[PDB]
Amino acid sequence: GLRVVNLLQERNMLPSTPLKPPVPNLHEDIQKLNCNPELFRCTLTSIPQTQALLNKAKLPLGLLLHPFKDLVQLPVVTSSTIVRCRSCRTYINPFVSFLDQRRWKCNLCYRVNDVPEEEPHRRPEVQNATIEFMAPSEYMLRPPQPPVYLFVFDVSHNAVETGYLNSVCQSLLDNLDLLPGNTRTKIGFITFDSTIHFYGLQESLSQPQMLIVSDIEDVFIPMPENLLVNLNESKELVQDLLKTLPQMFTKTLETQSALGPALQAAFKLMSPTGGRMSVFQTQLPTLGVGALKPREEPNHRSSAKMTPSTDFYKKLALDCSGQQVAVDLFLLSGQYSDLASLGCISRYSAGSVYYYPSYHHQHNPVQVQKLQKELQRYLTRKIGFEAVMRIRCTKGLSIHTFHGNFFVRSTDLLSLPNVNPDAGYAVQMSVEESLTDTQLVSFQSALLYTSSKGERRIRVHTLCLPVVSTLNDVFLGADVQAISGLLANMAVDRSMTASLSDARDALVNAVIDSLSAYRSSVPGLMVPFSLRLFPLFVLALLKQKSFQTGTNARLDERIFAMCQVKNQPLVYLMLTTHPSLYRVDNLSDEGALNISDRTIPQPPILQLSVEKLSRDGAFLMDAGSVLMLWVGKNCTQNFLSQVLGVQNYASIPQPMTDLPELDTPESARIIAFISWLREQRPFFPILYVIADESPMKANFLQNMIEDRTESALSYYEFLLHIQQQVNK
């Protein structure tokens, strides 16, 4: 794959099969041990030898990691001692150098270490790039904290009208036994509006107790016990409250919400132990500390002129981090809520935000089932408490910028009050000292956390990459998807820091400078094979909710889009930015019918353009978190009756949540393909067939990032602008 591609001549560059990550140019025995690229990958699989060579390539050097990802198999070492390097404390990894059969050379600081009295090359710590240790006593600041779940609910008049509390309390009742933990599990509840409402739970009392703290400017804990109760001991007492809670605030006239003081009370309740805080807010905070001004929302006409409005939720997030308290924010607002400020509570506490625009129990069934499925994953996925993460790299390389939800302590120690398996992180590096002496460099991430069973564990991933000295070899190893993800994180920071214009300009100039630098080292737009999708993916970045310009997008939409860029793994960033488009009205037997009885169709991936569509058939779009099935106005009668279960195009339901399972082989094929798509991921993506000509579901159209619009270039128009600036 050494070829040179003319982007102006191909225009069908996107392959029909899923994009696989590049394989680093290593020796066959070194690459066979390399880490799973879904847990750890780099923008440049061939590391530049000098900073000057990196600067000439005009490509960003960095790492994207998914360290707590659910695994099929995990080696758990129980050794009496953890073998680390005597200098940089690097954990012994498959890429070290044994010399005297009881002396190993550290692959990050080149120091020779005594192989401890515990054939050492057969040891599992040297045969697995991903491994989990049992942390000894010196890795604990305190006894392992129990799992603590505190749920904070907005019960204002607007929140009651949404009806969100009915499904949240139902998901808690359904998944009460599925919450991670042992007998030490504790659970609590807080509701608020203009006042803070604590809930005491004791078996000695007939009913729970609703304790109202009305001093908003001076919050306190009204009861020393029974507010954070033991789950399995008070199971029936927790269940009765979850059945009564959605019924207490029906006639509520409280319209103001004091989110700030409520979070202050919730922090004080969890300050002794720490844990996970689940906050559910539906409107702009307007009462007490943390109040946020209203704002007029932009329209398609407004110029590019996002930052937090206050530092309250940022300061409060740092206090939560110091007590191992993480805050997950569930914003179900129908109007502006200043998420640019509210998100600071989850960013700096290793939480994550969940946005459900215009949630209503009766008026928005799409958001209703979206919240149901996301809460199913949120309450049942594994969890790690009071966690820290460190990222080490071979001497000569230096991490200079961290991306994700955490708090960077000094010495580049990532603090994670909670670590969750759906979080993604990114790092940007630079060559501080020339890698002349070495040919291989290594990267090692260590995740120290407390499990839900009360065990201190250490999860370690190690990656090894080769060093090159020619500009061509740097380009030959470029990971286009990883470069896209790192640029997205850099552009988000550029926005807060500078402006959305600078963010949009830095993204365009990343394609200009890299291809112009490539050109100056060899008519049309000539790119190496590894970068043939570089202008396409960047155009997709410039058109989606994070960075788009002449759209009618709302403020909280764009902020949540930027929060997902900073917090999601690379696979779901690529699935969201460049969805996969398949034609599904004509599935057949060329698929992965390998897995037993099931035959799974494998239709080819289509480039995101309306020109690829057709009014004669139906097209499914995999957007990562959602599956939109578009049905043409002239779809064949077979697809209507045998797949949709409908006699004519006119009779397809206004919002159709999912297809029926009908007794037709066409239905069996499409249920196979959709089931196979959803088995690839954790948050079950809801499939909506409501994309229709008249359903006002033009979200599907928004994703065709290659077509032009009255406010953005087409893909061809983009390539022409790139070539104009390359040959300037």
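Here the rigid core means the biggest group of C-alpha atoms that line up within 1.5 Å when the two forms are laid on top of each other. Note that residue numbering follows the sequence shown and begins at 1.
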Open item on the list: Which of the two stretches, 679-687 versus 695-703, has its Cα atoms farther on average from this form in 4 other deposited structures of this protein when everything is superposed by the rigid core?
Closed with: 695-703
- [ ] Using the PDB record, quantify the missing residues of the deposited sequence between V522 and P523 as none, 1 to 3, 4 to 9, or 10 or more.
- [x] 4 to 9
- [ ] Could you tell me how many residues of the deposited sequence sit unmodelled between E233 and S234 (none, 1 to 3, 4 to 9, 10 or more)?
- [x] none
- [ ] Please work out which of 378-386 and 88-96 has the higher mean CA B-factor as recorded in the PDB entry.
- [x] 88-96
Task: Entry-level comparison of average CA B-factors, 247-255 and 341-349, reporting the higher stretch - done: 247-255
Task: Largest Cα B-factor, entry values, listed residues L613, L318, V480, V213 - done: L613
Open item on the list: Given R678, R669, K697, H66, identify the residue with the highest C-alpha B factor in the PDB entry.
Closed with: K697
Task: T43 CA temperature factor, ranked by third within the chain - done: lowest
Task: Lowest, middle or highest third - CA B-factor, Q31 - done: middle
Task: Among modelled residues of the same chain, the CA temperature factor third for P116 - done: highest
Task: For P569, the third of its chain into which the C-alpha B factor falls - done: lowest
Task: Chain-wide C-alpha B factor ranking for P294, given as lowest, middle or highest third - done: highest
